[PDB]
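Here, residue 1 is the first one in the sequence, and each next residue gets the next number. FYI, side chains are in, hydrogens and waters are out, and symmetry mates aren't considered; it's all heavy atoms of this structure.
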Amino acid sequence: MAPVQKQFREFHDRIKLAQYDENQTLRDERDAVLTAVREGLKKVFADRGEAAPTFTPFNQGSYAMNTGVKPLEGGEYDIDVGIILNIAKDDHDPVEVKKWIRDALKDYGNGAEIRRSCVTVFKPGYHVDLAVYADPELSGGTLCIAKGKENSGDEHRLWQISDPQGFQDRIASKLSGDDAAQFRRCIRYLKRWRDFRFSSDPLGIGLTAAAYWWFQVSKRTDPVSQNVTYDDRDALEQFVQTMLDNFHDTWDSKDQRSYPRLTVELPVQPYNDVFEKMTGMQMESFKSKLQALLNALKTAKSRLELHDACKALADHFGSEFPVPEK
Ligand SMILES: Nc1ncnc2c1ncn2[C@@H]1O[C@H](COP(=O)(O)OP(=O)(O)OP(=O)(O)O)[C@@H](O)[C@H]1O
Ligand SMILES: Nc1ncnc2c1ncn2[C@@H]1O[C@H](COP(=O)(O)OP(=O)(O)OP(=O)(O)O)[C@@H](O)[C@H]1O
Ligand SMILES: [Mg+2]
Ligand SMILES: [Mg+2]
């Protein structure tokens, strides 16, 4: 009946990255970029002959929500930060606003770059994704993120209504206590699976939103003593089965075939499918790999030898998954 709970908890200990509130180093790297933006902006706007825009920053992403993992060797940390500029959205092209930040981050690190949803700045061993918002007061009450690239057409340049506070609050409030800890462990486990079996360029946000909809705690409460034990292997099995169950074969007219697609809405504005950017072929590979992980989660629960159980898990979770010698 070989259990694997101790092995999962040790795996968790190895992969987890402390969130911003417990990570001096992350805060320091964060604050450095925010400082370089403030400093940078003074020059960019001295040129324009205009007073510098101010901004309010906030923590975003997994280091804000305590779902962060350590990258594998060669991999990069992803420091996500929002900045709310004291500007009215209706008065500015969003890409143009993003240009102020890239130019402010001209010299800092290996430079800065304007992505579709953020300005990203590169440094040795990490990047910082700055999501750029217009001021809700000056912009008629909504918080809108700057969407669009430099090369992007007109209909793809926009201020999209967002709700990062709402999203973070739903992730943190879904469960509590040791139930919530298991939720977070299972997101992390799957982000290492991602880093191990997917190429370095199943989104993090995808699995997070997915767990919000479909994660269920797996624990046993002894009827007599009320003593609780968690079963992380079982929690992943049910969660992964539930995701697989929600793939829909979706016809693509252009390719004249169907691909299995997992759709997962953000539980807050704008309720976009967080996986919409994955192509049909990437979704098909995502599904096969999910099925193979499910198969190993089941194999792991029916091995006499702890070695054989752990090995089956290590083939999917990678070489930081502990495999005790036979
Ligand atoms: N496709 C999307 N739709 C809506 N919001 C998103 C999307 N992608 C990212 N975000 C927002 O930006 C944040 C940072 O995105 P990122 O891709 O870094 O995910 P993350 O949660 O930090 O996970 P990871 O640990 O993989 O970095 C998310 O946590 C989410 O609030
Ligand atoms: N809705 C969102 N809210 C906040 N951040 C987001 C959102 N969507 C994406 N991001 C951020 O930007 C990063 C990548 O998303 P983006 O859509 O900008 O990629 P892209 O510019 O299309 O690049 P690629 O060429 O790789 O497709 C994520 O890691 C995340 O931090
Ligand atoms: Mg992130
Ligand atoms: Mg990011």
Under 3.5 Å, is there a donor on one side chain and an acceptor on the other for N86 and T54?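 Yes, side-chain donor-acceptor contact under 3.5 Å.
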Would you kindly say whether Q5 and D232 are connected by a side-chain donor-acceptor distance under 3.5 Å?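 Side chains of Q5 and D232: pair found under 3.5 Å.
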Over 12 foreign heavy atoms within 6.0 Å of [atom1], [X]:
| X | atom1 | answer |
| --- | --- | --- |
| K311 | NZ | no |
| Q216 | CD | no |
| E76 | CD | yes |
| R170 | CZ | no |
| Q226 | CD | no |
| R220 | CZ | no |
| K301 | NZ | no |
| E50 | CD | yes |

Between [X] and [Y], which heavy-atom pair has the shortest distance, and what is it?
| X | Y | answer |
| --- | --- | --- |
| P71 | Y77 | CD-CE2, 3.7 Å |
| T120 | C118 | OG1-SG, 3.1 Å |
| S218 | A235 | CB-N, 3.7 Å |
| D249 | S258 | CB-OG, 4.0 Å |
| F275 | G206 | CZ-CA, 3.5 Å |

So do the side chains of [X] and [Y] get within less than 4.5 Å of each other, counting heavy atoms only?
| X | Y | value |
| --- | --- | --- |
| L293 | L190 | yes |
| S152 | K147 | no |
| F196 | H316 | no |
| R188 | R185 | no |
| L17 | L26 | yes |
| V69 | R194 | yes |
| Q241 | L294 | yes |

How far apart are the C-alpha atoms of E22 and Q19, what are their side-chain angles, what is the distance that settles it, and do they pass the side chain to side chain donor-acceptor pair (under 3.5 Å) test? CA-CA 6 Å; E22 321 184 73; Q19 63 179 316; 2.8 Å; yes
Distance in Å, [X] [atom1] paired with [Y] [atom2], rounded so as to fall on 0.5 Å steps:
| X | Y | atom1 | atom2 | result |
| --- | --- | --- | --- | --- |
| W251 | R261 | CH2 | CZ | 15.5 Å |
| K6 | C310 | NZ | SG | 11.5 Å |
| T279 | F286 | OG1 | CZ | 12.5 Å |
| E29 | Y126 | CD | OH | 4.0 Å |
| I15 | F317 | CD1 | CZ | 8.0 Å |
| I171 | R184 | CD1 | CZ | 11.0 Å |

Between [Y] and [X], is the closest basic N to carboxylate O distance under 4.0 Å?
| X | Y | value |
| --- | --- | --- |
| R257 | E284 | yes |
| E150 | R102 | yes |
| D154 | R157 | no |

Would you please classify the geometry between the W100 ring and the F45 ring as parallel, tilted or perpendicular, with 30° and 60° separating the classes?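 Rings of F45 and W100: perpendicular, over 60°.
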Working note: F11 + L313, criterion side chain to side chain contact (heavy atoms under 4.5 Å, CB included); need CA distance, chi angles, decisive distance, verdict. CA-CA 11 Å; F11 184 47; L313 292 165; over 6 Å; no
Between the main-chain N or O of [Y] and the side-chain N or O of [X], is there a donor-acceptor pair closer than 3.5 Å?
| X | Y | result |
| --- | --- | --- |
| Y259 | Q282 | no |
| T142 | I161 | no |
| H127 | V121 | no |
| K98 | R116 | yes |
| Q168 | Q165 | no |

Kindly work out whether a path of hydrophobic side-chain contacts (I/L/V/M/F/W/Y, heavy atoms less than 4.5 Å apart) joins [X] to [Y].
| X | Y | answer |
| --- | --- | --- |
| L266 | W159 | no |
| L143 | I87 | no |
| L175 | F239 | yes |
| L297 | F321 | yes |
| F183 | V217 | yes |

Residues in side-chain contact (heavy atoms from CB on, under 4.5 Å) with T263, at least two apart?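 Expected list: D273.
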Do the numbers put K289 on top of the ring of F198, so that NZ or CZ is under 6.0 Å from the six-membered ring centre and no more than 45° off the axis?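 Yes, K289 and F198 form such a contact.
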For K16 and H12, what are the C-alpha separation, side-chain angles and deciding distance, and is it a side chain to side chain contact (heavy atoms under 4.5 Å, CB included)? CA-CA 6 Å; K16 78 189 172 209; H12 185 239; 3.9 Å; yes
In this structure, which one of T229, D179, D178, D234 forms a side chain to side chain contact (heavy atoms under 4.5 Å, CB included) with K219?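 With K219 as partner, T229, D179, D178, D234 yield a single side chain to side chain contact (heavy atoms under 4.5 Å, CB included), made by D179.
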Among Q60, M65, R30, find the one that has a side chain to side chain contact (heavy atoms under 4.5 Å, CB included) with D80.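 Among the candidates, only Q60 passes.
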Would you please test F55 and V132 for side chain to side chain contact (heavy atoms under 4.5 Å, CB included) and show each step? CA-CA 9 Å; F55 71 78; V132 176; over 6 Å; no
Run the numbers on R27 and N59 for side chain to side chain donor-acceptor pair (under 3.5 Å), then give the verdict. CA-CA 10 Å; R27 292 198 302 264; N59 293 342; over 6 Å; no
Examine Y133 together with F58 and report whether their ring centres are nearer than 6.0 Å.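 So the answer is yes for these two rings.
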Run the numbers on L41 and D103 for side chain to side chain contact (heavy atoms under 4.5 Å, CB included), then give the verdict. CA-CA 8 Å; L41 272 178; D103 294 351; over 6 Å; no
